[PDB]
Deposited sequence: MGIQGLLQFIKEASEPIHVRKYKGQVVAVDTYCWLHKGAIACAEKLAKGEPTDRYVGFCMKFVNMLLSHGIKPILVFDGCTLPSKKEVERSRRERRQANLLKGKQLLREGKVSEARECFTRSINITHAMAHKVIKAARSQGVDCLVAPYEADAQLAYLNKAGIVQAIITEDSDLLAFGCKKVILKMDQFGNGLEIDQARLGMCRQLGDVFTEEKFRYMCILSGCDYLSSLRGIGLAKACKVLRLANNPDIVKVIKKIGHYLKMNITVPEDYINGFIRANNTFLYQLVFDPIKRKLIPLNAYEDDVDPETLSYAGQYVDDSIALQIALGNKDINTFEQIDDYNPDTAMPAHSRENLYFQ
């Protein structure tokens, strides 16, 4: 996420209802509904007991969107991203820790805290996601497993005109360059839409409302790919970019002390890390549903050389990418767990 981004650009938001997008296509960051639905049956999942509450939970939202005349395209997280593997190790070990801690707190008699500790152990498997996938295919709803992060895939689907809005709880989508993002949507359709064009309404941003500058700001504040410098948040980063009349961000990051009046030392790790983060936001591998090909989020600029972008996602053969995207190929074992075919029945 970009910590505190929503309240920072709150002036560009607008309370709406999804009825607004009737007769149009909307992509969904399904992990949110998956997580929320998985909260309801934390004990069943932790113990390993069979359950399918989260499926119906997601299907409520899906059927709702279908009822209001929307065509939803559920998008799911795929393979792990190397840039994001630190946090994905942290969350893992913490999940295990709270799992065992809850298992022990079950024996104290404090069942009230064992379940709260089971809440911090929710691990959304790809099998659950695939249950949701078949459940969605039942009502003739298209699904798409991102080659890596769902964020990038959604961003592409939005910037390519395939969808007109994105349903998520994550503010990362704005940093990826989404035109329209619908946050905090309930089971009835009440949501909070953030439009990119309205970023100019935010006084705090100043002239930092262009996609590139906005990206730089979000990265400088601290993201999932690169932790920020101690004492650097959204406001100070935005201040840096505002006071900086320089197309070359590197020298600016170097003169961050001159811009912020703070004696800040910039390590050599942070420059490379910044270029890493920017290249991750720009050229993370997504999946084209039309041409059925593995492509970066944005077209490669002459500035960067793709050979040094393994962290932004590794390429594979397009057929395998297709079988992953359909959910037919297991993300982990790479073995065929299903055989759905859109040919013999978005693409």
{"property": "Ranges of the deposited sequence (numbered from 1) for which no C-alpha atom is modelled", "result": "1, 347-354, 357-358"}
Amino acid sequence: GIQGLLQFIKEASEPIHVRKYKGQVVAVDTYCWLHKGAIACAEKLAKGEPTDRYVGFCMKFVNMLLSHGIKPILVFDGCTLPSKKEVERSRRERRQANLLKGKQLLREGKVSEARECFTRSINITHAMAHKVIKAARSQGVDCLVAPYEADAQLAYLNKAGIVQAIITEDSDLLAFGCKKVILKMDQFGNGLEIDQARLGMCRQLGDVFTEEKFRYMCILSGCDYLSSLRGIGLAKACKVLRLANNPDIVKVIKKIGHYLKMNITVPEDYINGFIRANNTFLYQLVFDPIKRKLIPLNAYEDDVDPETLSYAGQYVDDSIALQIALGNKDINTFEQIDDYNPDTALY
From here on, numbers count along this sequence of modelled residues.
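For clarity, a rigid core is taken as the largest C-alpha set superposing within 1.5 Å between two forms.
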| property | result |
| --- | --- |
| Between stretches 257-265 and 210-218, more displaced by Cα RMS in 6 other deposited structures of this protein (rigid core superposition) | 257-265 |
| Higher-deviation segment by CA RMS in 6 other deposited structures of this protein, core fitted, 115-123 or 70-78 | 115-123 |
| Per the entry, higher mean C-alpha B factor between 116-124 and 185-193 | 116-124 |
| Mean C-alpha temperature factor, higher of 85-93 and 212-220 | 85-93 |
| Per the PDB entry, maximal CA B factor within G177, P247, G200, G161 | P247 |
| Largest Cα B-factor, entry values, listed residues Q139, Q153, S227, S171 | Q139 |
| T51 by Cα B-factor - lowest, middle or highest third of the modelled chain | highest |
| Among modelled residues of the same chain, the CA temperature factor third for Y259 | highest |
| Third of the chain, ranked by Cα B-factor, where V18 sits | middle |
| Third assignment of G206 from its chain's C-alpha B-factors | middle |
| For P147, the third of its chain into which the C-alpha B factor falls | lowest |
